[PDB]
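Below you'll find only one chain, the form solved without the partner chain, shown as structure tokens.
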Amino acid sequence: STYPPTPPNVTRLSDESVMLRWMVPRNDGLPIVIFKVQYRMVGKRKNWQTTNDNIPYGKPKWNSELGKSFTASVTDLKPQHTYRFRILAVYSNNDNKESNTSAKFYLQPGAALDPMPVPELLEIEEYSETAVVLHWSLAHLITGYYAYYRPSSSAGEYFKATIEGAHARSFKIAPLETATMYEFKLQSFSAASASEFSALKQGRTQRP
């Protein structure tokens, strides 16, 4: 059978974008091949738009005892408009199942909002041939942090991962390609907004 992903939670990243977080509960049914982020603004024909980013399931299978969490952002949204989001999961057998919809979310314009804490990205613990660990500190308006990473050699889009809880001060990012260099930056977030990014740090996975 197929277990649908949970509805995404939404937090404002800017005047034109939000970050979604969802989970795939542990289960023994078909594996999901990719995810599709959809959305539609409230007060408009109930027609969902699909973003142009097929999110792979990746590895590992689960990242907590609960199941596996995911994180993707949606940009190009207009301010002062309310939206609803949902996740589409495509399974190995090609079926499609949509999570339940998110609560209504109002994309509020920036001005007049409390400055979120900017973490000081200290150092990349080149912990292994396939993983690395982030360490940072501050100078709980915070809900957690959003880590951004990608091979230093590749402009474009960053992979995202959510770190839940304000006092997490490290996070292991794995799996990553061996003897490969990545770029990492970090930001703190709350429902209302995300902080400014920390410094963009370079880090390489260990060799044999």
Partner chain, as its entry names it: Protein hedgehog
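Each form is matched to the other, and the largest set of C-alpha atoms that superpose within 1.5 Å is called the rigid core. Residue numbers count along the first chain shown, from 1.
Per the record, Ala139 and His140 are separated by 4 to 9 deposited residues that are missing from the model.
Per-stretch averaging of Cα B factors for 49 to 57 and 27 to 35 places 49 to 57 on top. Looking at 179 to 187 and 148 to 156 together, the entry lists the larger mean B-factor for 148 to 156, computed on C-alpha atoms.
Which of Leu107, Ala72, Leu88, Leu122 has the largest Cα B-factor in the deposited entry comes down to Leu122.
When the modelled residues of the chain are ordered by C-alpha B-factor, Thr101 sits in the lowest third. When the modelled residues of the chain are ordered by C-alpha B-factor, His167 sits in the highest third. In the deposited entry, the Cα temperature factor of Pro8 places it in the lowest third of its chain's modelled residues.
Although not depicted, the form deposited with the partner chain bound is the subject of the following passage.
With the partner chain omitted here, the record of contacts in the entry with it bound names 26 to 34 of 62 to 70, 158 to 166, 179 to 187, 26 to 34, defined by a heavy atom within 4.5 Å. The three residues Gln38, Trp48 and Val90 all sit with a heavy atom within 4.5 Å of the partner chain in the entry with it bound. For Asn54, a non-hydrogen atom is located within 4.5 Å of the partner chain in the entry with it bound, even though that partner is not displayed. Although the partner is absent here, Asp95 sits close enough that one of its heavy atoms falls within 4.5 Å of the partner chain in the entry with it bound. After superposition on the rigid core, the Cα atom of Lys59 is displaced by less than 2 Å between the shown form and the other one.
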